[PDB]
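In the form deposited in one PDB entry, a lone chain appears below as structure tokens.
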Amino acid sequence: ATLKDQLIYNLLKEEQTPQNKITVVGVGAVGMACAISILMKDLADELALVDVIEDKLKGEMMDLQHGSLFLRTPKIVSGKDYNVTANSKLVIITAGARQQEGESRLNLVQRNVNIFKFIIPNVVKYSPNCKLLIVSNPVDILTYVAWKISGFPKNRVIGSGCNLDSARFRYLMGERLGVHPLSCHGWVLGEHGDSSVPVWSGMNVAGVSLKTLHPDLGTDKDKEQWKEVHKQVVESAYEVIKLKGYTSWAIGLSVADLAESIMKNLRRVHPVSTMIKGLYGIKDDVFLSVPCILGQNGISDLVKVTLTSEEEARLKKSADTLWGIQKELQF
């Protein structure tokens, strides 16, 4: 006899399991930018947020819920407990430890391993069949860590890797050429961040190879200094941090694009971090970015890119370094 009862007749109460649920672990600037971008792209019928800071977590959940009128994602939930993440198709990890001043790489990585040791088994408990997308840095090593802890098959553990680096590269390329980034093609591969590799041979507009038109492209004898574009990719990341104190929007949008391919089974190709053992004379269990076909099974295939000697040596050097760190990790 309540108002709801007067107004609404119920036919059935049954089931109700999310069909396209996504979880974001960690609700810092990066996690929440991933969340808003995913929400505005209608990728999920349920979004779950997890963090260890409970106040912050509740506030972010409520803020998103309050915009429900303007969205098409009918259920947004959160909690410190992983039961809220049950039955996720895709779980995106942005949680981790921030590197201290003077702190060694091994030490920082070890701190994040200890964090993943709590996070990953809980994610797996509640969504045994999800794809894991790792955003946390250092992304290539932490993708390895998530893979190691989860026990997932290689296809279901994806690192955001060089996706953002490549998007920045295409923005800068577009600016130089006066063309939309969508029509400017180019690939930054290997280790995410400072050591990434710009594959000059693949840079093209409408299938016209820039390297072929301009053989000095990428080299030190290039009067147009196209090498500076890749340098600006690296520099701009530290610049944004210096200017606003963190980065969020671009990473959020790039993560949503990966999630789109995965959730809708598109099988588009993105530069993301995957287990690269067997390529480029790499014989250790290390993850680096190559172009990968992404769909409902995660990474079902990868593209074998022909690299120059110098490009190959750079990936190989990254692989040697990552393994040097990984082999000393305590799981």
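Here the rigid core means the biggest group of C-alpha atoms that line up within 1.5 Å when the two forms are laid on top of each other. So that there is no doubt, residue numbering starts at 1 and follows the sequence shown.
Asker: Which is higher in the entry, the mean Cα B factor of 261-269 or that of 281-289?
Answerer: Comparing averages over the C-alpha atoms only gives 281-289.
Asker: Looking at the entry, does 160-168 or 223-231 show the higher mean C-alpha B-factor?
Answerer: Averaging CA B-factors over each stretch, the winner is 223-231.
Asker: Can you pull the Cα B-factors for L322, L307, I22, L11 from the entry and say which is highest?
Answerer: In this record, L11 carries the highest C-alpha B-factor of the candidates.
Asker: Highest Cα B-factor in the deposition, which of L182, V199, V77, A97?
Answerer: Across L182, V199, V77, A97, the entry lists the biggest C-alpha B-factor for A97.
Asker: Tell me, lowest, middle or highest third: where does the Cα B factor of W147 rank within its chain?
Answerer: CA B-factor rank for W147: middle third.
Asker: Split into thirds by Cα B-factor across the chain's modelled residues, where does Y126 land: lowest, middle or highest?
Answerer: Middle third by C-alpha B-factor.
Asker: Should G193 be placed in the lowest, middle or highest third of its chain by the C-alpha B factor in the entry?
Answerer: For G193, whose C-alpha B-factor we compare with every modelled residue in the chain, the answer is the middle third.
Asker: Divide the modelled residues of the chain into thirds by Cα B-factor and specify which third, lowest, middle or highest, holds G207.
Answerer: Ranked within chain, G207 CA B lands in the lowest tercile.
Asker: Taking the values exactly as deposited, rank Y238 by C-alpha B-factor within its chain and report the matching third: lowest, middle or highest.
Answerer: Its C-alpha B-factor, which the entry lists for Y238, ranks in the highest third among residues of this chain.
A second form of this protein, the form deposited in another entry, is not displayed here; the remarks below concern that form.
Asker: Scan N83, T212, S183, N107 for the one whose CA shifts by 2 Å or more between the shown form and the other one after superposing the rigid core, and name it.
Answerer: Everything else stays below 2 Å; the exception is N107.
Asker: Core aligned, does the CA of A97 move at least 2 Å between the shown form and the other one?
Answerer: Yes, shifts by 2 Å or more.
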